[PDB]
Each structure stands twice: as structure tokens, then as C-alpha cells.
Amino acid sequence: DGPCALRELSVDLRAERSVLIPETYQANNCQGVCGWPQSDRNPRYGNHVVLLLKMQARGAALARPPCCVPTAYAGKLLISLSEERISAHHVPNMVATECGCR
């Protein structure tokens, strides 16, 4: 486990019908603990999650406690098949590149 950080995660696109390339790729995923004070090499917490963690530290059961989620994404050049024609197009938000607590 550990603090909130970026972890490798393979995603399979052979399930997707039209995708030719890639077939599997590294999409990654954010995972870890959102401690207070923070101990992670991610950018500093936003004020909102800071106030959430400080409410929780004073004994407040948050309905949705802070979560380790991606804060930045990168695209991928997907080669897919539309009708019977091959299309190489950029698809955004395919890879998680940065993590944070929110």
C-alpha cells in the first residue's frame, strides 16, 4: 500500500470492438492513503481536501472521505476501425499521469 501515488495498471482494449492498436497499454491508476499531514511526492493538497482532512481529524465521519484520484491525464494515438476504414486518431484521458487527494 502506502501513500497516495501513481501505480501501474494494464488496460486491455481487445475487449473494445473497433480498437486495432493498442491492444493492452499502461493506463495507470492512483492509489494510496491520504494522510494528514501529507507524506507523498505528489503536489501539495488543495485547500478543500485539507479542510476535509482537518474536519476528519477532529472526529467527523465524512460521508465521502478524501480519495486518491488522478489530477492529470494524457492521451493515446488509437488506431481503430470505423465502418470498414482504418482511422488513426488521438484519444485523450487514456493514461493517468499525476495523482492527488480530493
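Numbers for residues come from their place in the sequence shown, where the first is 1.
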| property | result |
| --- | --- |
| Stretch with the higher entry mean CA B-factor, where the candidates are 35-43 and 72-80 | 35-43 |
| Between 82-90 and 21-29 (mean CA B-factor, as deposited), the higher | 82-90 |
| Third of the chain, ranked by Cα B-factor, where residue 95 sits | lowest |
| Chain third (lowest, middle, highest) by recorded CA B-factor, residue given as residue 60 | highest |
